[PDB]
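We did not get these values from a lab; they are worked out from the coordinates using the rules stated. Note that each Cβ is placed from the backbone with ideal geometry, even for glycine, and that neighbours are counted across all protein chains shown.
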RNA sequence: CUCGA
Ligand SMILES: [Mg+2]
C-alpha cells in the first residue's frame, strides 16, 4: 500500500473513511506507544497503518473494541 | 541620519546547470535537462561528438 | 533527492498540468500533520488520478 | 572451434598527435565489442597533467588588469588552460615564467626542469607591449583524471590560502577525439576474421602504445568482479 | 547612540573574522561564500527584561 | 510600469 491504495479502499468502502481510520490508527503508534502488527520493514507510521488496514487487521469496529476493552482494563 | 555607507562589489561567475533557459534565433526555447558525458553523445563516422 | 536546482517531473503528468518545459515554474507545498499526509497518499497521489 | 586472440600489431604516427593503431586478428562479434568498449574508456578516464593554480605577482584577483600587457588576466587564465605538459618523475611540479621586453610570451620561455617537457612550444600566452613592462608567475601542474571544476576544489579545502593564488579549472584528459573502423582482415584460410583500426587524436602528452594498455588494464580489472564473484 | 563598524563582533568566533581587516571591511580579492561577513557592523541595544 | 508561463 505504498504505490496505490486500491487494495485498502475496497475493504473499508470509501476513501474518506479510510483516511480517518488510518489517521486514527497512525497516531496510536506515534505518541500512544502501541506496537504495530505487520512487520515494519523500515517505514514511517503512515504506511504501517495503511498496510494494517489492507490485511483485515484494523477496521473501525476493531479500533473501537480494542480501545474500549483497554479503557475497561484501565478501570480495573 | 546616515553616518557612513560601505559598498561592496562581488563578482559571481556562473556556468550552465540543469535549468538555464537556452534559445535559438528562430523562437525555439528550451531548458537544459542533462549534461551527458562526452562519450554518450551520438557521433558520426569521423569521431566528432555532437 | 537529486543534486541541482530544478524540480524533475515525470513526463506523463504534463498532459494534466499543461506544462511545457520552456521556463515554467511550479510551487512546492508540504503537508505537515498526520491527517494531511494521509490525504496526499489516498486522495491526491498521481497514481490515483 | 576454440578461439583466436588479438595482438597489438601495428602503430604508426601520422603527426606528433594523430596516431592510428590496428589490432589483428579478431572473430566476428568481438571486432565491434572491443571497438566500442575502448572508445568509452579512452574518452572518460585517462591520466594526464594539467595546470591548476596560477600566481602572478602584483595582482590580487582575476578580474583586474596589469600594465603593459594586451590581454586581461582572465584571458591569460583562459590561455593557460590549453597547455600540454608531461610530468614524468614527480606527481606535482611548480614552473616559473619570466619575461621582459616587447613581443609575445610563448610557452617555450618557461624555465623547465629535467623531468617536465612542454610538448607544444609554439603556444601563445601573452603579449607584451612596453619596454619597461615585465611579467612573472609561478604555475602549478598536477596529475589527475576526468574533469575537476574550481568550485569543487575551493569547497573541498580547509586551510587558508593567501590572497593572490588564483584557481584555474582543470581538464586532465589528454584524448581529444577518437574513432574506430572495422575492416575485413587479411587471413588466408579463416576468411571472415576482422581487424580493428582505432584512430586516436590527442595532444602530445600521451603515448598510443600506452593508452590502449591502460584502457585494457581498466577493462580487465572491472571484469574481474564478474569472473569469480558470481 | 550611533552605530559603529568594528572588527569586534559579539557571539562570533575567529572563523568568520579571518577575512576582515584591521578596520572591519573585507579585503579586495578575498574569496567569500554564502553567509560570510563582509562588513562588521554592530548596533547598540537598549536594555531589556530577562 | 517593463519582463516570464
Ligand atoms: Mg511554458
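Just wondering, is there one or more residues in region C:23-43 that are away from the ligand (no atom under 16 Å from the Cβ) and within 14 Å of chain B (Cβ to nearest Cβ)?
no
Just to verify a result, which residue in region E:24-50, among those that are within 10 Å of the chain's Cα centre (by Cα) and in a loop (DSSP other than H, G, I, E, B), is nearest to the other protein chains (Cβ to nearest Cβ)?
Selected residue: E:38.
Considering only region D:60-90, state which residues are touching a residue at least 12 places away in the same chain (Cβ under 8 Å), part of a loop (DSSP other than H, G, I, E, B), within 12 Å of another protein chain (Cβ to nearest Cβ) and surrounded by fewer than 18 Cβ atoms within 10 Å (Cβ to Cβ).
Of everything in region D:60-90, those that are touching a residue at least 12 places away in the same chain (Cβ under 8 Å), part of a loop (DSSP other than H, G, I, E, B), within 12 Å of another protein chain (Cβ to nearest Cβ) and surrounded by fewer than 18 Cβ atoms within 10 Å (Cβ to Cβ) turn out to be D:60, D:61.
Name the residue that is farthest from the other protein chains (Cβ to nearest Cβ), counting only residues in region D:29-59 that are over 23 Å from residue D:206 (Cβ atoms) and in contact with a helix residue (DSSP H, G or I) (Cβ under 8 Å, 6 or more places away or on another chain).
It comes out as D:54.
Looking at region C:9-22, which of the residues that are within 14 Å of chain B (Cβ to nearest Cβ) and within 16 Å of the ligand (Cβ to nearest atom) is surrounded by the fewest Cβ atoms within 10 Å (Cβ to Cβ)?
Ranking the qualifying residues of region C:9-22, first place goes to C:11.
Go through region C:5-31 and give me each residue that's over 12 Å from residue B:31 (Cβ atoms), assigned to a loop (DSSP other than H, G, I, E, B) and more than 14 Å from RNA strand F (Cβ to nearest atom).
If the condition is that a residue be over 12 Å from residue B:31 (Cβ atoms), assigned to a loop (DSSP other than H, G, I, E, B) and more than 14 Å from RNA strand F (Cβ to nearest atom), then C:10, C:11, C:12, C:13, C:28, C:29, C:30, C:31 are the ones that fit.
Pairs under 8 Å by beta carbon, first residue within 14 Å of chain C (Cβ to nearest Cβ) in region B:29-46, partner assigned to a loop (DSSP other than H, G, I, E, B) and more than 16 Å from the ligand (Cβ to nearest atom), six or more apart or different chains?
Every condition considered, the pairs that remain are B:31/B:18; B:32/B:16; B:32/B:17; B:32/B:18; B:33/B:18; B:34/B:18; B:35/B:16; B:35/B:18.
Looking at D:20, D:5, can you tell me which residue is surrounded by 15 or more Cβ atoms within 10 Å (Cβ to Cβ) and in contact with a strand residue (DSSP E or B) (Cβ under 9 Å, 6 or more places away or on another chain)? Explain how you work it out, then say what you get.
On the way: D:5 fails: surrounded by 15 or more Cβ atoms within 10 Å (Cβ to Cβ).
Checking each option against the conditions leaves just D:20.
Cβ-Cβ under 6 Å, sequence separation 6+ or interchain: first residue in region C:20-33 and without any contact (Cβ under 8 Å) to a residue 60 or more places away in the chain, partner within 16 Å of the ligand (Cβ to nearest atom) and outside any loop (DSSP other than H, G, I, E, B). Which pairs?
C:21/B:31; C:23/B:21
Identify all residues within region B:1-25 that are over 30 Å from residue D:38 (Cα atoms) and within 14 Å of chain C (Cβ to nearest Cβ); write none if there are none. Steps first, please.
Filtering region B:1-25 down to residues over 30 Å from residue D:38 (Cα atoms) leaves B:1-15, B:19-25.
Listed by number, the residues that qualify are B:14, B:15, B:19, B:20, B:21, B:22, B:23, B:24.
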